[PDB]
């Protein structure tokens, strides 16, 4: 019933990116029908989306109906474009960040912005992060779980984490670029299994890569309840203890010592799962998020949290808003 850390939005329209940059592989939005649009990647339709995916007015009406005060807006992850030339990804980043900032200016009490960065080129990413924070006024950014062959332990990314600490810029980590073909081409497995696995790999990578140890002021929240991590943390912690030759060469402290060091959203659908999440991650560390407007999201925002007889009213309030305001560094 309060703040939603996890929601995705796109521009109304954007330019032909293939023409702008000189090579294909990019995505485009095609308005085929009233209140309806297609996303495509060279020719092929790969997703159908509704009006509420780009129209702030439509979003405000649906938020009102559901009792949601603020959405944190970030782009659709397929727009990350970490695969492209660094300056072209940055150019697209500036376009999506400015779009997002425009929307925020129009409804500054209903939205805040999480920008996107050219993470494959750390010098450009630092510079675009500095702009989002100093000029656009964003409290943080949304990044993917890996960047081409870099997982988030990668030393090449340390300048980005350092910039985040100095700028007080929060990081929302979202699974993306999962395997889509072969055995994963059935039963929606990329979204149902691939996403949570991507998130668990990101949490393990930042832990065992020493990111939380070296950048102790960095604020990070992972999407979809930490993936499998809240349930498989015992396996991970035990395995680290047993094979330090494999697990401890970048950071010798046991993963368990980092519980309390980062946030997750609360998007885990079931009450038994939400209770384990808070038991493991902490009542101060779980943030209502919805994945609005996508179907895999929570249909009645805040309902799972409010349905927990195990939680007092002060805990519910932390989960619904107070934790988001802490993670984002924003006034209650």
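Numbering follows the first chain given and starts at 1. In this text, the rigid core denotes the largest set of C-alpha atoms whose superposition between the two forms falls within 1.5 Å.
Farther from the shown form on average, by C-alpha root mean square after a core fit in 4 other deposited structures of this protein, is 38 to 46, of the stretches 281 to 289 and 38 to 46. Displacement analysis by core superposition in 4 other deposited structures of this protein ranks 179 to 187 above the other of 179 to 187 and 197 to 205 in root-mean-square C-alpha distance from the shown form.
In this crystal structure, the stretch out of 268 to 276 and 22 to 30 whose C-alpha atoms carry the higher mean B factor is 22 to 30. Higher average CA B factor: 7 to 15, of the stretches 7 to 15 and 319 to 327. Note on the listed residues 62, 284, 306, 298: the highest Cα temperature factor in the record is that of 62.
In this PDB entry, residue 191 carries a Cα temperature factor that places it within the middle third of its chain's modelled residues. Ranked within its chain, residue 243 lands in the highest third, by CA B factor from the PDB record.
Split the chain's modelled residues into thirds by C-alpha temperature factor. Residue 110 is in the highest one.
For residue 174, the recorded CA temperature factor ranks within the lowest third of the chain's modelled residues. In the deposited entry, the Cα temperature factor of residue 216 places it in the middle third of its chain's modelled residues.
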